[PDB]
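Single chain ahead, written as structure tokens, the form deposited in one PDB entry.
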């Protein structure tokens, strides 16, 4: 029998918040949360100058109506008020917000404007809008109007006013993933009182990434669907129902990190229980694909903390053609340490191999495929097939070749390697000045390996694109044996109930024109916002 006001009059908040310039004390231990994005305004303007995409979203959300849904809404409203029963939306804003607009775009096209202003007078109005001087007076004005929905579009004070009074049903919130000077700030959203229910794809507009989330207020010929039921006539790990409460609560999960997370979910829900070489046990499945649009974001996972110095150094080490594990160890990159011990090599039957002499692994295959391996210190210059050089020449001079592959699975050399490669091969595709990369991965440790693997090959696709005068397009990651280790299950449960942030961007020094000239200083990850580190 009971109903809320915001439910009856369909009152929503729509906003856009950036990150704010702070004082950098303890930035090595900087914590991020939803409040990280709170920057509304500066000098009576937006902290950013123009965002074409957030603008387009603003318009499309505040101007969209469905006239065939109105009859339901009008009935409820007139029945609530105890009254008898082109359509537009209402846009409520503060005075400062109304002032800071061009003359050409006032009043806001296809929308019913409402300005909350004490000082202003209705009679000396040049324009044709409505005016109120109280929050109480809005509900009055809505009762006397035919409107689809009512959007609170601005003013820090306005937002704050409506939020305290529980007059907002949903918050449409653009996260602008860049830092600007700010005068005014969106209030801290209470987690008990609102929850996120949907998250969009990640985009780039005007030199920043952004995404769109929706907070919802908490409370604590359409008969051919029978044919769909008939198709499901034949359908019906040890997982619990509430292990994935937050994960399953979301309606729309369009953020590209859900490609990784959904795969985890699928293995956890439907994986096959297996022993493996390690003796730890896994849940596994066979055959997935993920795709990341490198034109829009750098897909560094945000649901836990990832570090990249090590994987960049590894990549540079691959590109030099190195097999000497000591090079990495002397830079405190320990990714290959365990695979180079006396004991590990002996268990591989490599009894005559020096410690950290990893054998003819990735780097050797990329630069010297087919050369005879001796030891890690030998001179292999101009020996074997320099695959790396050949793919770069192919991309430059025969971009429509279907033969642009870099393969590390050298069958003849597998037993000489400290271990056989996981990243079997890379294929490249060029169209309209744009480079995409498929990497096939025979064995995928989803909890610990895959997050790094995505980052490495995404960085590498940038590197190859740049030195070939191309823009990066897609990194396409194909998983063969995809497995969650049992000792990662509880960490991943925690991770899957976290909501991703808009991704970072990768910056390469643009002076680097040849694949072999990159050094560690040439890589910058910007605007990395992430949840707390998890140890698997």
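Take the two forms, superpose them, and find the largest set of C-alpha atoms that agree within 1.5 Å; that set is the rigid core. Residue numbers count along the first chain shown, from 1.
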Exercise. Tell whether, across the other compared PDB entries, at least a third have no coordinates for residue 83.
Key: yes
Quiz item: Is residue 23 left out in a third or more of the other entries?
Solution: yes
Quiz item: How many missing residues of the deposited sequence lie between residue 236 and residue 237 in the entry, grouped as none, 1 to 3, 4 to 9, or 10 or more?
Solution: 4 to 9
Self-check item: Count class of coordinate-free deposited residues lying between the neighbours residue 85 and residue 86
Solution: 10 or more
Quiz prompt | Comparing 355-363 with 257-265, the one whose average Cα B-factor in the PDB entry is higher | solution = 257-265
Self-check item: Given 3-11 and 527-535, the range whose Cα B-factors average higher in the PDB entry
Solution: 3-11
Quiz item: Reading the B-factor column of the entry, which of 201, 322, 99, 276 has the highest value at its C-alpha atom?
Solution: 99
Quiz item: In the PDB entry, which of 232, 295, 220, 453 has its C-alpha at the highest B-factor?
Solution: 220
Quiz item: Among the modelled residues of its chain, does the C-alpha B-factor of residue 227 lie in the lowest, middle or highest third?
Solution: middle
Exercise. For residue 214, return the chain-relative third of its C-alpha B-factor as stated in the PDB record: lowest, middle or highest.
Key: middle
Quiz prompt | residue 61, C-alpha B-factor rank within chain (lowest, middle or highest third) | solution = middle
Self-check item: Modelled-residue ranking by C-alpha temperature factor, third containing residue 318
Solution: lowest
Quiz item: Which third of the chain holds residue 116 when residues are ordered by C-alpha B factor: lowest, middle or highest?
Solution: highest
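A second form of this protein, the form deposited in another entry, is not displayed here; the remarks below concern that form.
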Quiz prompt | Rigid-core-referenced C-alpha movement of 2 Å or more between the shown form and the other one, selected from 381, 127, 71, 415 | solution = 127
Practice problem: Superpose on the rigid core, then tell me if the C-alpha of residue 27 is displaced by 2 angstroms or more between the shown form and the other one. | Solution: yes
Exercise. Note whether the distance between the C-alpha atoms of residue 195 and residue 27 decreases (closer) or increases (farther) in that other deposited form, against the displayed form; the change is 3 Å or more.
Key: farther
Quiz item: residue 178 to residue 26, Cα distance in that other deposited form relative to here: closer or farther, by 3 Å or more?
Solution: closer
